Amino acid sequence: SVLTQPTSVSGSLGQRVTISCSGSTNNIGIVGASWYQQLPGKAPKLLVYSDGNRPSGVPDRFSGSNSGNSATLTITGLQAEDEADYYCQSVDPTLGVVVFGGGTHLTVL
Amino acid sequence: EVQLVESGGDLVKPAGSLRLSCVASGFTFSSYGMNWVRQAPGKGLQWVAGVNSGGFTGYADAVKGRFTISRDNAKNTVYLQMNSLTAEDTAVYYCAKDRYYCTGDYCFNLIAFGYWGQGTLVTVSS
Amino acid sequence: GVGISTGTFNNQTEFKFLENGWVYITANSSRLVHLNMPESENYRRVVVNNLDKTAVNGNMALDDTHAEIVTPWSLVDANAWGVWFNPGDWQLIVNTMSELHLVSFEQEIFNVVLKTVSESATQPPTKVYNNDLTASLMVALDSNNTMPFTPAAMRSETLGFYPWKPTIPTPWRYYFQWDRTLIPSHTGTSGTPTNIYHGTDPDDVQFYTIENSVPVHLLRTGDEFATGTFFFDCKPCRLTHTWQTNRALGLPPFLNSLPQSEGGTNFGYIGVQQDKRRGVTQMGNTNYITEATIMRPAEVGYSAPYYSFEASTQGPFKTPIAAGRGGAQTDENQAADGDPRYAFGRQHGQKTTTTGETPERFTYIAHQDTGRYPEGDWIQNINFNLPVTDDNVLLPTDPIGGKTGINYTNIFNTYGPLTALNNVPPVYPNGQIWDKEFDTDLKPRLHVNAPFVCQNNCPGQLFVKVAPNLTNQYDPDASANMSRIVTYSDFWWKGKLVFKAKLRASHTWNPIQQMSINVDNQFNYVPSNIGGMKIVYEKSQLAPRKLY
Amino acid sequence: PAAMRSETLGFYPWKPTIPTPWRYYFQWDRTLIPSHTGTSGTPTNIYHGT
């Protein structure tokens, strides 16, 4: 099982950005996705949990939601700090396999 | 604060074997699982294996028949053993911690990596 | 020996009348118990996790997650009123008795039969049953109460209620420790709440084994097992109910006007203006002495948070309440939190000729008026200016936390040092009789499941198991399952339960409520034309007693 | 007990006193939904019986 993400998403400073991850009833329909941030060449950072909570210190700009077999990450008030790569992560309970998405590159205009 | 440090990167032949190690600190090591996630050059993250408190392990279908992962809670260390390596295994391998407290056989139903290390490079080539 | 019986069948009830209005009720129960060999001879640690049902936001109450040890042993449980009393016995007890004591309990197993099953190789299947005179039935009595207490009335798994129908013992299991978290949600919650099974705490592990804790007796077809008489130390159980709420305690007000003609609208009047009255109130800043405001000795009943679910290490559970709802006697549709609901099968009351997996159910509405009618509660400011204005009163029709369906009485607790309440009434036939007291340092004032609670100890649990019947190919080093001859046992169980009851006295001019047969319930107590039977439920605390 | 209604015997040894007419509560059913000044409609206020 693999998750699906769009290759890239573009937004302009101060606007709203949405990144979408698609899965199945087996992976995202039971355990929602968790979103990660990766600066070029750096270790990933967790942004939003599967329940919509954020790690301490993450701005409220970042938010997530789950509907059916698809999950989305919403970045509000896009700043220059957000130019990076983002990934969706979910775990398959039926098989016991952790599934990452293909990744999406975010472009700030 | 939680901190992780990896090691063990090297260059090996297209049919060799290798072993990697991480050292952790700052939390109740026995309560949280530790996982190995790799990233091929220019590609996305890929999960390799994970091990929980009692020694129970989970392997992705890509490495399930080749690799092995282990812990030592008395030393806050996690090891990964790789055998029958192939070129596709070339990647930087990242050591991470789970947000959720799971110990025994019935883990891998909810995983979310909350802290990360620095990564180590694995290269498989002639 | 092989051809000699080791006991007698007795399902009689005896009423020996002692001096001073006391009766010695002896209840004998005899059953034919059918026991198959266990599916495996091993102890299993099994974990249930219905993440599919709980992953639906708002279904957090349907959580079934738990860990348990599944044992090869079976439990012979007779802790239900139907095992001992038939409807006539119950009618006698609840019509003629005022209080009920639990005295003693003994049981025995006799006339053990062990058989084997062999299937022919004939193309049309055929099978034969043979006696195994040398096979043994393993029997263990946990007289020291070392094993976890697992009363079967909770799962409707006691012995059957019919003397003429064979019964089975419930396979035995007990809870193994686990840690679980389930963050609640509602239809429309954004994201998937945290729904995780955490594992097991090593500091709480307890793997119990019957072999290592209890002596085990091997019974052949000519052997018998008797437990001995155990004597209880419980408090008496009342067969009377209280109707008095706080409004019915003490001296009523003097009516300076009384009606001069009978009729529905011909009321009496106190005749004293309310702020000009005499009496005592617990409200130091008002002169109004009314029935609602006059001082009473104490409280009868207590408001509790209803359908409140509390979380601990093992997950959510409903907050228990000791009394039923108010107004439920008048309208059964209003029966809710506190009115116990029983679901049971064909061994325990459901019409025996019915087909299907759907159980028979009833909600037990008790006669005692110790409940609350939350739609009639209200808080108001301490100033107590009447008539009260909107801003100075909290009504049950008022949203708490922004919710139109949650009001203050859902999170309301009025239990205090002044609360008075009764023990739960017995429920015939599916109600549990006695329960073990918690081994906590500080103990609950009552149990919601049984009217009798055992202070020091009460009788050990009786476990049975067909002894292994191996073939000639056994190899203990094999990883596969044990090769056993298909063996099963039929044995007779007899128990004696002794009660002490006090005959009632007529204190009032009027007659009291009594249980009787009538044209409507006439055919709930006799077999059908094809032999079907049912045992409907009966109320226990029929007679009224004065609270104060 | 008459102390609740201030109906005990007198407190003065030299003052003749009276006993209180005796009565006791008889079971009744009653519902009364609370309201406030400005509530719309007639809240349920019924004496159900015994």
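Throughout what follows, the structure given in this document is the object of discussion.

Rules used throughout
Residues numbered from 1 in each chain as written, not as in the entry; some residues may be left out. Chains lettered and ligands numbered in written order. Part of a larger assembly, values for the part shown. Heavy atoms only, no water. Pairing = 2+ DSSP bridges. Helix = DSSP H or I, 4+ residues; strand = E, 2+ residues; numbered from the N terminus. Axes fitted to C-alpha atoms, helices over the stretch in contact; angles between N-to-C directions. Contact = heavy atoms within 4.5 Å. Buried area = accessible area lost by both parts, 1.4 Å probe. Salt bridge = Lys/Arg side-chain N within 4 Å of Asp/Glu carboxyl O. Polar contact = N/O pair within 3.5 Å; in protein donor to acceptor, adjacent residues only side chain to side chain. Nonpolar A, V, L, I, M, F, W, Y, C, P; charged D, E, K, R; others polar. Patch = residues over 30% accessible without salt bridge, like charges linked within 9 Å, V, L, I, M, F, W, Y side chains within 5 Å. Areas by Shrake-Rupley, 256 points an atom, 1.4 Å probe, with all protein chains shown as cover. Buried < 20%, exposed > 50% of the residue type's maximum accessible area, 1.4 Å probe, protein only. Disulfide = S-S within 2.5 Å.

1. With respect to the sheet that holds strand β1 (residues 3-7) of chain B
Residues and elements named next belong to chain B.
So, step 1. Across the sheet, 4 strands lie side by side as β1-β3-β8-β7; this open sheet has antiparallel pairing. Strands at the two margins of the open sheet, each flanked by one partner only, are β1 and β7 (68-72). Strand-to-strand, the axes of this sheet are offset by a mean angle of 15 degrees, without reference to chain direction.
So, step 2. As paired elements, β7 and strand β8 (residues 77-82) share 5 bridges and run antiparallel to each other. Pairing of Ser70 across the sheet is with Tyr79, part of β8.

2. Considerations on the interface of chain C and chain D
So, step 1. Each partner contributes residues to the interface: chain C has 30 residues there, and chain D has 23 residues.
So, step 2. Across the interface of chain C and chain D, roughly 2300 Å² is buried in total on both sides, 64% from carbon and sulfur atoms.
So, step 3. Run the count over chain C and chain D and you get 1 salt bridge.
So, step 4. Note that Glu291(C) is salt-bridged to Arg5(D), the shortest N-O span being 3.6 Å.
So, step 5. Our count for the chain C to chain D interface comes out at 6 residue pairs in polar contact.
So, step 6. In terms of residue class, the side of chain C that touches chain D is made up of 18 nonpolar, 4 polar and 8 charged.

3. With respect to the interface of chain B and chain C
So, step 1. Chain B puts 8 residues into the contact, and the matching count from chain C is 10 residues.
So, step 2. Carbon and sulfur atoms supply 51% of the area that chain B and chain C bury against each other, a total of about 830 Å² over both sides.
So, step 3. When the area that chain B buries against chain C is broken down by residue, the three leading residues are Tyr101(B), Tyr106(B) and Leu110(B), summing to 60%.
So, step 4. Seen at the junction of chain B and chain C, the total is 1 salt bridge.
So, step 5. When the shortest N-O distance is used, the salt bridge between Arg45(C) and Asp105(B) registers 3.5 Å.
So, step 6. Each residue belonging to the side of chain B that touches chain C can be placed in one class, and the counts come to 5 nonpolar, 1 polar and 2 charged.

4. Here's the deal with a nonpolar patch on the surface
So, step 1. Taken together, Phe11(D), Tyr12(D) and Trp14(D) make up a surface patch of nonpolar side chains, about 510 Å² in accessible area.
So, step 2. Position of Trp14(D) among the secondary structure elements: in the segment before β1 (29-32).

5. Overview of unusual backbone geometry
So, step 1. At the junction of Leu386(C) and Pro387(C), the peptide bond is cis and its omega measures out at 0 degrees in the coordinates.
So, step 2. Tracing the sequence through the fold places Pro387(C) in the loop between β21 (379-380) and β22 (393-394).
So, step 3. The omega angle of the peptide bond from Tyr428(C) to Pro429(C) is -5 degrees, so this bond is cis rather than trans.
So, step 4. For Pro429(C), the position within the fold is in the loop between β23 (419-420) and β24 (434-436).
So, step 5. Even without a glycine there, the phi angle at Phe384(C) is positive, about 60 degrees.
So, step 6. With respect to the helices, strands and loops of the structure, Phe384(C) is situated in the loop between β21 and β22.
So, step 7. Overall, the relative accessible area of 16% leaves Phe384(C) in the buried class.
So, step 8. Positive phi outside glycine occurs at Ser6(D), with the angle close to 55 degrees.
So, step 9. In this structure, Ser6(D) sits in the segment before β1.

6. A few points about the state of the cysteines
Residue and element names in this part refer to chain B.
So, step 1. Counting across every chain of the model gives 4 disulfides over all chains.
So, step 2. Here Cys22 is linked by a disulfide to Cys95, with a sulfur-sulfur distance of 2.0 Å. What sets the handedness of the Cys22 and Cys95 disulfide is the S-S torsion sign, and at about 95 degrees it is right-handed. On the criterion of sequence distance, the pair formed by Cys22 in strand β3 (residues 18-25) and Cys95 in strand β9 (residues 91-101) is long-range, its members being 73 residues apart.

Fair warning: the whole summary comes from geometry, so function is off the table for now.
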